[PDB]
Each structure stands twice: as C-alpha cells, then as structure tokens.
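# Structural characterization, general
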Amino acid sequence: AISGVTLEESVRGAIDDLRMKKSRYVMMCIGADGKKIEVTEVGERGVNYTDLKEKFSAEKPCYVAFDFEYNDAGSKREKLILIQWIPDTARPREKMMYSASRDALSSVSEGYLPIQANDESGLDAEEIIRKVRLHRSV
Amino acid sequence: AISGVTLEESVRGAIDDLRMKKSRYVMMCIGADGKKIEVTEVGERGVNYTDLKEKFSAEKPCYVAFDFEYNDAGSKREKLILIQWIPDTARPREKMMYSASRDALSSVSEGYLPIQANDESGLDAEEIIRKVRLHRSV
Amino acid sequence: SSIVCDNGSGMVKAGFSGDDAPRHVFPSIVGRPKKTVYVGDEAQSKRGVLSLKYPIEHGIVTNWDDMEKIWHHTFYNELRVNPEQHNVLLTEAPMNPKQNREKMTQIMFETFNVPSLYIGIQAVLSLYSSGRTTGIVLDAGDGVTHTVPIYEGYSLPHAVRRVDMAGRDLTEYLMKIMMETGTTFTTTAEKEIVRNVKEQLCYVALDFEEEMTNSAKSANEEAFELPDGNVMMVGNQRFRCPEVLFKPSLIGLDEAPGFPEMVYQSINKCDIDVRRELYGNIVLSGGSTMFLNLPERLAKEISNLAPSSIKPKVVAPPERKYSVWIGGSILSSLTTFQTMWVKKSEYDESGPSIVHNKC
Amino acid sequence: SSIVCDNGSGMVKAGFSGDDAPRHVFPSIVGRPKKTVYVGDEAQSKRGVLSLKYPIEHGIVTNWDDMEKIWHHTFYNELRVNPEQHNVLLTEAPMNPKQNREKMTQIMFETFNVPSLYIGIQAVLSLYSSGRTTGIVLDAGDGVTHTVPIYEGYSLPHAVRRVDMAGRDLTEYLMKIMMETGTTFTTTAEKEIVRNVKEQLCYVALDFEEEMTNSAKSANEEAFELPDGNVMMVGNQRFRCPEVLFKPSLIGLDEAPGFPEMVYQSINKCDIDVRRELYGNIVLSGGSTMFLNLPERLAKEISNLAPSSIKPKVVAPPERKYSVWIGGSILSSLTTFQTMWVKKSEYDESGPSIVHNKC
Amino acid sequence: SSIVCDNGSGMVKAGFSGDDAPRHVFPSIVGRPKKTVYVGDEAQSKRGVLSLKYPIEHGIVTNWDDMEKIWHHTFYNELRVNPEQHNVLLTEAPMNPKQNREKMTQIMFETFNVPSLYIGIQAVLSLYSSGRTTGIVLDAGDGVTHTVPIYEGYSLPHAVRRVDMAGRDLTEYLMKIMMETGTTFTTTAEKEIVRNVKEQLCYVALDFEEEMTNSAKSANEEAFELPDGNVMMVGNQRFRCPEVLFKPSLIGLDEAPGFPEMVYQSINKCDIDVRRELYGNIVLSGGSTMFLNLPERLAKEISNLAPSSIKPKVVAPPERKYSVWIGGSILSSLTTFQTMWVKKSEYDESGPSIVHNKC
Ligand SMILES: Nc1ncnc2c1ncn2[C@@H]1O[C@H](COP(=O)(O)OP(=O)(O)O)[C@@H](O)[C@H]1O
Ligand SMILES: Nc1ncnc2c1ncn2[C@@H]1O[C@H](COP(=O)(O)OP(=O)(O)O)[C@@H](O)[C@H]1O
Ligand SMILES: Nc1ncnc2c1ncn2[C@@H]1O[C@H](COP(=O)(O)OP(=O)(O)O)[C@@H](O)[C@H]1O
Ligand SMILES: [Mg+2]
Ligand SMILES: [Mg+2]
Ligand SMILES: [Mg+2]
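Rules and cut-offs
Residues numbered from 1 in each chain as written, not as in the entry; some residues may be left out. Chains lettered and ligands numbered in written order. Part of a larger assembly, values for the part shown. Heavy atoms only, no water. Helix = DSSP H or I, 4+ residues; strand = E, 2+ residues; numbered from the N terminus. Buried < 20%, exposed > 50% of the residue type's maximum accessible area, 1.4 Å probe, protein only. Near = heavy atom within 4 Å. Polar contact = N/O pair within 3.5 Å; in protein donor to acceptor, adjacent residues only side chain to side chain. Areas by Shrake-Rupley, 256 points an atom, 1.4 Å probe, with all protein chains shown as cover. Nonpolar A, V, L, I, M, F, W, Y, C, P; charged D, E, K, R; others polar. Patch = residues over 30% accessible without salt bridge, like charges linked within 9 Å, V, L, I, M, F, W, Y side chains within 5 Å. Salt bridge = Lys/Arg side-chain N within 4 Å of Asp/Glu carboxyl O. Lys, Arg positive; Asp, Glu negative; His and termini not counted. Charge placed at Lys NZ, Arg CZ, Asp CG, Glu CD. Pairing = 2+ DSSP bridges. Contact = heavy atoms within 4.5 Å. Axes fitted to C-alpha atoms, helices over the stretch in contact; angles between N-to-C directions. Buried area = accessible area lost by both parts, 1.4 Å probe.

Method of determination, as given in the entry header: cryo-EM; reported resolution: 3.4 Å.

Here's what the structure looks like:
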C-alpha cells in the first residue's frame, strides 16, 4: 500500500479460520494509532447476511470478509467475498486512509472476490449475487 | 445565385458530353440580355491547354470548363477543372455580375475542381498542377 | 427606381440604384439642447450648444429610438421620396445579432410601410465588386474596423475581429499634436478644419524612422487656407498621423495589434489548407484606406510575418471608398433581381422569421 | 512540515502538508520586456508591456528553462523556505513521458538539493480522496482536460484522451460575445474582470433551447460592479458560456466530442466485462466543473448514449476544486508515510532510474 | 479495353487492362450530412461536417446499399465510361461467403447491365505474378491482414487467419504519440498530414531496444513541411510506429500474434509433408509492407520460431504495392483469355449459380 500500513499478526490467523468454516465473518479496521489493520469482531456461523447488513455504520468505514450463500436454485452454494465499505459521509481523512490501504489485504485475501460499496444500495443481495455469478464459468 | 440568373437548357447537355470525352472544353458566357448563361464555344480533343490559354481576353470575363492533363511522371492523368476568369481590367458592372452568378454552375458542375484566376499569372500550368495534386490523397 | 442605403458608423450613404456614386452623404449624429432634436447637418451647424450622441457607433446599433430619426431624416429631408412607393436595400455589419435584424425589418414594414425590403452583407458586397469569390476583406471605417475572411461566398464566423480604432481617432490624434506649433482647436468649428487637413495633406511614409530624422533638417512645411482667409502651415504632422494605424501604441492602445497583425492573426484561425489561398486575395475597403502609399506599406509588413514560402498580394481598387454602396447599387439594377426582394405580404403571413430564411 | 506542490496547467497550488486548503495560488506565466524576467503576479501587473509564455500548457512541460523559474519563485518568493530542509511532493499529468520524470527529479536533487522527493499521479490521488478504488475520473482544468479510467488502483494507458478545450477558452468566448452589448475588453486589465464574471454569475442551463427563447421575453439582467465603481449589466451570456463544454462546435471545434461523448468513447476502449463497473463510478474533478447544475446535466447526457440496461451515476464531491492537492496533503500527513520517501542518497548510488522503480 | 477493379478495404483501385499501374485511386467512404450523400474525395473535402461509414471494412462487404454507390461513382465520375460496353473483372477477399459472390454478380448484370463479368481471387493473382505456384501469401492492407497458404494453385481453407490490425491503426497510434512534442491533430484536416508523414519518413528498425536508447543521446530530428508553409520536426516516432506490427501489445491487443507468429501458426495447420515447401516461399503483399527494412527483420523473426532444420526465405517484389491489380491487368490482356469471360446470356439461362461453376 502507498499509505504504508501493515497487517496485524492476528489478521492472517483469523482469515484461515474463516476459510475452514470456523466462523461466519471477520471485521477489520485500522487501529487507534493508525499504523496497522487489526481484527475487530468475529461472528459465528449461526448468523446470516441480513443481520450483518444492519451493523454497517454510516460514520465509520471498515473491511468485512464474509462467506456469502445465495441458494442458486436449491443449491447450498457459498462464495467468499471481501466487502470494502467506505460511506460518502465519512471524514475526508478517513476516506483517503482506508482507500489507499486496500492493497495490504491483497497478500492474504487470495480467492476472495473484491466488492466495492459506497452506499446502502450497493449492499443489496441481488447486486452481490449478480457479481459472483459473472466470474463463475459454470 | 443572388443575382438571379439561371442556366440555359443546352448547358447541361454540353457538360455531359465533356465528361464522356466527346470534347476538350466548353466556354460559357452570360447572354446579351443578361438573364441566362449560354454556351459559346466548344473545342475538339485535338487542341491542348496552351492554345486555349491564348484565347482569354482581358476585356471579357468568361467561364471555362476544361479537361486538364498534367502528365504526372509518365502517367496520362486527367482532371476536370472549372476556371473562373474575371480580369481586373473589366468593367465594374461586368465584374459584379459574373462574380455573383458563379453559384448557378454549382448544381451542374459536381466533380469539377473550382479554380479562381484574376490575372495571367494565375493561369500558369504549375499553379494548376499544384492545386489539383493537393486534393488527391494518392 | 430603388433606394440603396449604407448606414455605416460615422456617415450615411444614400441614393438611387443605377448611379455610379452616392449623392447624399451626411454624418449620423443626433443633437439635443444643452426644434426638440436635431439630426445630421442640422446638429452640426449648431454643434456649440448641443450635446451629440451616436445611434450607431462601432458598427452596431445602440439605441433604436434615436436610430429611427436617422432613417426618417433620410427619406423626407434628404431623399424627399415616399417610403411606401420604393424598394429599399439595407446593409448590416458582420457578426450582427439576429435580434437587430428582426427589429430592422419590423420598423420598415410597420412604420415606413416599405413594400419590398432586402438586407445584404457589407463584406460580401465589397468582395464581389472586386471580381472575386474567395478572399479576406480589410474594412477600415472611422469608428470600427473589421477583417472578414470569405470562402466560396460564405464568411467564416470564427475569424472575425474588431479593433474599434479607425479614422475617427486619427483626427483627434492629429488635433492634439497640432498644438505643438501653437494655437488650439478645442471648439467644434475648428474640428471640421482639422478633418479637411487629414483628407488632403496626410500621407503614409514608407520608412517612418528615416522620415522623422530628415524632416528636421529639411524643415519643409505646406500651406493650408482657413475659411477666414488666413493661411496655416503644416509640417511633419502629415505623415505622423497615419502611422497610428500600423503601431496603435501611440494613442495608449498597447494591446491593439494594428493592421499587419490583425490580418495575420485572422488567417491563422482558419483551416490550414485554406490559408494559402487567403494570403493572395487581400482586399482593401473603407475610407480610412485612402491614404497615399498605404497599400505598398501594408504588403511589406505582412510579408515579414508570413513564412518564406508565402507571397502575399494586396488588391486596392480605386473605388474602394464606396465599395459597399456601389456593389449594392449594381446588384439592384439587374433585371433578374426582381425575384429576390422580400414582399410585404410574405412578412404578414410568416412574421419576422422570413428574413432569416431568405437573403 | 513537508511541501505539496501541484503545478497544474494555468495556476500553481502550493502549501504545507496537513492543511485543509492551499494557501498560495498564482498563475504559471513568465513575462519578458516587449528585472530581466517577471514570474507570476509580477508579470500579471505589468502585463501591458510584457510578452507572456506558458512553460506548462496542455498539461505537459514545454520548456524546462522557463519552468525552473516557476519553482524558484515558489520556494523563495512565495513559500519563503529553504528547499534543502523540507520534503517535496510533486504530481505529474497522465501519459507523462519518462524523460520528463527523469529530468524533474534531476533538478530537485542537483539544483535545489531537496533531501527527499516523491512523485504522485493526479488521477490516482483524486480518486482515492473520494473513497473509491475503481472508476473513471473526469478532470477539467483550464488548458487541458482528461478522462482517466482506473481499475484496482492501476490506470489503463489505452483509454486516456485529451481535448485541449477547457475553462481558458470559455473566458475568451465569453469576452467575445460580451461585445454585442457594446464596449470592449481588448486590454489585459479588463481580461481579469471577465474571468471574475465567469466564476460568479455563469451557470449551466438544464434545457439550452428553452432558456434562449424565454430569455428574450424576460430580458432579465444582473448587475456587476467594476473596480472603478461603475456598474455593468450581464444578460443571457451567463448560461451561453458554459454550453461550449457540451457542444464545442460553437468555437470552431467540430471534431471535438465534448464531455458526454468523451466519457462514452473512453469506456468502450476497455474490456467488455469492466465497462459496467466504470459507468457507476464517474468522478468529477477540476475547477471547470464548479459550474452550477453541471452534474445534473452531465448525467442526463450520458444516459442517452448508454444502453437501456446501464444506469450511470455521477459523483461530485464539494471539494472537487482542489482534489489533487487535498489528497496529496492528507497522504503526506500520515505517520506511516515516512518509509515511502525517496532519499537523496539512493539517487546518488542508483541514478535517475530510482524513481521508476519506486513511487 | 476491359475494366479491372480492386475494391480493397480502405482504397479503391481502378483502371484499364494492359496498363502497368492503376490510374484512379480514391478512398472507399460514404459521407452524409451531420447533395444527399457524398462518395470518395467529395466526402473527404467536407469531412468536418459529415459522418463517414465504410461499406467495406475488414475485407468483407457490410452494407450493399452503400456499396453500390461506390461502383456507381467509379464508372461515371471516375472512369467516365458506359458500364454496358466493357468487360469488368472483380476480385474478392479470401474466405468470402457465397452469398456475397451471388449478390455481387447479380448487381452487375441487372443494374449496370455488364456484358461480361469475371471474379478472381486476390491471393491467387498475387502469387502468380511472382512466378510461383506453391507458397504462403502475407497480405497487409489497412483494415485487415491475411495469411493464405496456396498449394498447387488451390488455397487451403483451414489455414486462413485474420488479425484486423493493419496500417489504419498505425496512423492513429502515430497521431496519438505525436502529442508528446506538443500541438494536436484532432481535426480531419491534420489527419491526412499524419498519413503523409507515415508514408515518407517512417522505417522499421532492425534492433528496437538499441535504437531507443541511442536515439535520446543523438536527439536527431527531421523536418517536414506543412501545407501552410510551417516546418514540423519529427523525432523518434519514425521507427516507433511500425513496431506495432511485430508486437501488437502496444495498442492494447495482447491476444493478437503479430506478423512472425501469424505465419508460423498458419503453416502448422497444414499437412506435415507440405510445411517444408511453404517455409521457402513466403511472399509479401499489400501497401503496409512497403516500410523500409521490413523484409530483413521479418526473416530473422520467423527463423527463431522455426526449427534448426528449416531455413525460411522471404520474397519481396518491388511492385508488391499493387500486386493484385497488376496480376489481374496482365491476365485480362492475354489474347487467349477471351474464352474465360462469363457472358450475360449464360446468367439468364442458368441463374446466379453460373459463377460458382466457372471462375
Ligand atoms: N480621402 C480620405 N483620406 C483619409 N481619410 C478619409 C478620406 N475620406 C474620408 N476619410 C475618413 O473616412 C471616415 C469614414 O469613411 P467610411 O468608411 O466611408 O464611413 P464609415 O466609417 O461610416 O463606414 C471619415 O471619418 C473620414 O475621416
Ligand atoms: N468557481 C469557478 N467556476 C468556474 N470556473 C472556475 C471557478 N474557479 C476557477 N475556475 C477556472 O478553473 C481554471 C483553473 O482551475 P484548476 O483546474 O484548479 O487549475 P488548472 O487548470 O491549472 O489545473 C481557471 O482558468 C478558472 O477559469
Ligand atoms: N509507402 C507506404 N508506406 C507505408 N504505408 C503505406 C504506403 N503507401 C500506402 N500505405 C498504407 O497502405 C494502406 C492501403 O494499402 P493497400 O493494401 O494498397 O489498400 P487496401 O488496404 O485497401 O487493400 C493505406 O492505409 C496506407 O496507410
Ligand atoms: Mg462602412
Ligand atoms: Mg489540475
Ligand atoms: Mg488489397
């Protein structure tokens, strides 16, 4: 990343647990001193996507890694996605810092589908379902 | 044309004959009553451009349609040009009448390259050769 | 037969079609007390106790209320004809807004009840009378000057320029520099005297620097006769006055380009393949171009700016003083022109939009 | 702390990192007599008797000899700081040749002895400050305009376009059409007055044809105060000037596409599967985009060209006037950014090639 | 005598049989207002205010309605002959669907009433004029390029390829990279100027990497004269433009193979025992192959891909620019060829199927 931030040591371990179906989602945010990205909240597999959608705050950007299931015609298909949530109402300093720090997660988020959202209309399930199906040959 | 003159019925037929290589040149002038443009003289293909250049009169403007050949590096290329000859020594009434009547020939002289000359130096072969080559892409 | 009127900017030219020169020339000024109003030479005679305004200055109409008096004076006092029994041909300056054209035809049809009307273009009429179709026209009036490039009978709207510096400012500059030899010319009575000196004695010097140095050694002067009978002597001011046209910085106009630069900058605003043809068809017009040796000097100045592969040519017809009016007079005298007029009945059934489509 | 400089094309923005807005804005011009040379506002005040040249016009450096004077003026006369005691961040235009980048860093290290240097990309910095990573950036300056599509933080070199028609030409067009109401603005003193009218009164009309017809009936005008104290009236020229951006044929540019067509043609030069994402992330930037109601008009125009299955979205942040400088200022204020600078010792042991690998 | 016409993709070649070179060359474009329609150089002159479409692009007819105007222009405006009194020979691109061939002969017999018609193959005519019967033909036009292997006078339908990247894209790439030295060439008037620079100054560099590094040290430039008389300087763009042919990734075409790879992949699609003969009979054709030093560079590139037991040979006849037309002209001038024409009476009694059996 051009901003110069790095990843906390616990971030890499949390992603592997998410891959092995040990959790539903992991939320990451920049630390108080603004030097590293640290894990904030981890959710269990009981929760669904609809409950997490209500946890997004219009004043605080965050990075969310989620295991999304869309039930394609009676198939329990799941896809790993990485949501970049930067609302337009955030402070100018916060928007610049989070946008330039997206490159840090690229070294550990291999296989995750990057999704960019800047407003509540971009978090719609139909929007996500359309994007995941585009990159699948089958 | 803003002057209000029109073309004689024989003018259109003479131009088509010139296009089909049935003649060398056709000279057109305004009639005695000054209401229409009528054909004056038609030359056969035996004559060349040099002989016609000596037929221009310093006291009488005229419109000349000619099939000009320039022999571009051993190529028998020919180009259809329309010469507007209005000498500066003509009467003030004649210069105004001929200049404003040039628009009449536009409806029948499609494909002809318009060339404007007001003195004997503008009738030079090199001047004509330079202009015809400018508009040819090849 | 018909009436041909050239409003101009300083003077109005009027007459009948078929003539070789206009018969009525008078300044376009309106006077009011310091008769309720005075128009033309009437205000000129009483210029001492009247305030003068120009309805048309710089080539564009500024006040239609005072402009109608100019036309009313021409028809009745000057031409002495009924406006409702003749055909009138008018001219308009380049880059004229359509609002002025619509109002110009409205006045003629509704106020003067003109049966047939036609509006021409000053640049086009001047170019056609020179036996040409493509070229660039340099018009030098008194309140404004233009450069209008014309290609195949259609002007290019994106290469028209104005300087608003012409023969009117030359008279003031000549009057100011005449005080060096004593006396004064503040009053308007002596202002007309200065104008006559400009039009009879002034000439353009080929080499400005050489003439200035050798004039002092010669100290040659010429005699001019005043109306009172006294004789006035004019020295080196003869060739200093026209030099303002080439270098307009002498009157505080540093940004003004002058004649040689105005032509060069106007040509380069056109298409690259058309510039070569425009350089060889420079046509002079206007009363301010009548100075002696002006065409010879102008050709040399432009040649320096142009590249070595371009040889400009300057055309100066002897009758360039009234090119606009002469061209309009000849056109209206044609027998076939009777189908080009705009009838009053067409205006009634179509409105002011008829002039835009026609003409 | 550090120094952030945005050369631009018409004006130079400079300041210190951490500020919310630049403190020093001055035009980038060099003047010489018709002090040997004058730079910035010094040449602007004496513009009457000086010839002006632009070291950087259309976004690309043309003369390095006159460009060094711009930087020397900024450090000493404007910022009043020692160049050898601060870190300097510079920006470059899109599609900048590597020769300019190599010469840009050579001057800073060898002439000004800058300890640490860093060069950014104007399009990237503007996009990041909007909280986005993929999108298309429409930059409208004064001497040039660009459309740079960016995907995942990397621009696409094969979809970048230039028009070289921006706010500078709007001032000239407004000045030319202001002569219809009389007066003139030839001198450079009145040129600055015309610019102030553009930035305070001009606005974009949603329906161009409807406004033109109804303006004549209303004949509404607004008052503007001249420095001399006189009051000037401005009519329908307020909304006619910005219309050149959408239809550039009014200034003789028939081939120029305009804003709605420039975006459409740039998107279609990219991959088919990426076009849909680019349509929804159109970001406005530059000072020429500050006209009122511009974003609303632009969205409608693009929607007509796009197919019925695409719904474009336009993003216009309030601080889009200085997006490039604000983004650079925020980035340099980060505590972790200290490891991104290029030290002078690295240049000595590696040469000019260090900038290509880094940054 | 007879008429030989080569439609091509960008330009049309026409003339009479027996000549050593075509006399009429004009682009195949159709223009309409932004005369109802303009064809050929008529639309080229008024290109500013006209929209241009290509009836034949990429070598295959796309619109028959606009294609008939191309032939009508050639017969009457260009050749000035009656179509019903001469024999016409036409050529078709490789892999041409039979529907186009059936419609091509229908138009000539029914609309132009051509007495005798004959249709040839561009690849076959080009190969025969080189004194060969077996080989591979590399045709490089402007809108398309082909590689047609021919064995014993019959082409192989399963080894024909298209890239749709030829000299037309080279002009656009040269125009884009010319902005680095300032100025611009957006308008169509300057587009023709860029084409002339390509055909007079551009050349192929034997070693691309070596020339780029040493060009900066030399900084050598050449002078080109504009129509206006100004002189333009061209630097390293002379050898950068033709390099796109060998590596088409510079214009965003990553998947395109380029000239050396196109030949290699086409040969390997043929029988194993015939590949050795094809390597030694590579024949160049088309106007895009006229760049200096092109054949020398092409031979080296193919040799690297070929195995060590194969030594390719490249044949570049001097008259390769008009190989298709010259070959057709020579064939029609033969005395014994009079029995090969297709008479109009045969079409009446057999229908469109006659052309498939004959020719
Ligand atoms: N012989 C002359 N020499 C120099 N200037 C002249 C001459 N005759 C007239 N003028 C000038 O020309 C000006 C007006 O000329 P003209 O262009 O015909 O009228 P307008 O300027 O109204 O179009 C007058 O102000 C006068 O000073
Ligand atoms: N409020 C405004 N409205 C319209 N135009 C503006 C406004 N402010 C500045 N401009 C124009 O923006 C141009 C320069 O803007 P900017 O893009 O910031 O600099 P540069 O063009 O050098 O990058 C100026 O020429 C000015 O005319
Ligand atoms: N001397 C030359 N050098 C390089 N390219 C040329 C030269 N002459 C013509 N061309 C290019 O060849 C193209 C057309 O050539 P040609 O193949 O004969 O026509 P077509 O492509 O229609 O078959 C033109 O676009 C032109 O740019
Ligand atoms: Mg006049
Ligand atoms: Mg900028
Ligand atoms: Mg071909």
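Residue and element names in this part refer to chain D. Its location among the elements puts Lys191 in helix α6 (residues 188–198). Note on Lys191: relative accessible area 26%, which makes it partly exposed. The spacing of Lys191 and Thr171 is 20 residues in sequence and 8.3 Å in space, taken between C-alpha atoms.

Moving on, we come to the site of ligand 1. Residue and element names in this part refer to chain C. Taken together, 14 residues surround ligand 1, and among them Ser9, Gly10, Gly141, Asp142 and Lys198 come closest. With respect to ligand 1, the backbone of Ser9 contributes an N or O atom lying 3.0 Å from an oxygen atom. Contact distances for ligand 1 include 3.5 Å between an oxygen atom and a side-chain N or O atom of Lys13. Contact with the protein chains hides 85% of the accessible area of ligand 1, taken as 570 Å² for the molecule alone. Taken together, the residues that form the shell around ligand 1 break down as four nonpolar, five polar and five charged.

The next point concerns a negative patch on the surface. Residues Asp271(C), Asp273(C), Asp254(D) and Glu255(D) make up a contiguous surface patch of negative charge. Among the secondary structure elements, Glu255(D) is positioned in the loop between α9 (243–246) and α10 (259–267).

A few words on the sheet that holds strand β6 (residues 50–53) of chain C. Residue and element names in this part refer to chain C. Read from one edge to the other, the open sheet built from three strands follows the order β5-β4-β6, with strand pairing classed as antiparallel. In this open sheet, the two edge strands, each paired with only one partner strand, are β5 (38–39) and β6. Bridge count between strand β4 (residues 30–33) and β5: two bridges; the pairing is antiparallel. Pairing of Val30 across the sheet is with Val39, part of β5. Against the sheet, helix α2 (residues 64–79) engages β4, β5 and β6, with an angle of about 110° to β4.

Turning next to the interface of chain D and chain E. If you look at the interface, chain D gives seven residues, while chain E gives 13 residues. Each partner contributes to the roughly 810 Å² buried at the junction of chain D and chain E, and carbon and sulfur atoms together form 56% of this total. Sorting the residues of chain D by area buried against chain E places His158(D), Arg162(D) and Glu255(D) first, and these three jointly supply 54% of that buried surface. One can count zero salt bridges joining chain D with chain E. Run the count over chain D and chain E and you get zero residue pairs in polar contact. Tallied by class, residues from the side of chain D that touches chain E come to two nonpolar, one polar and four charged.

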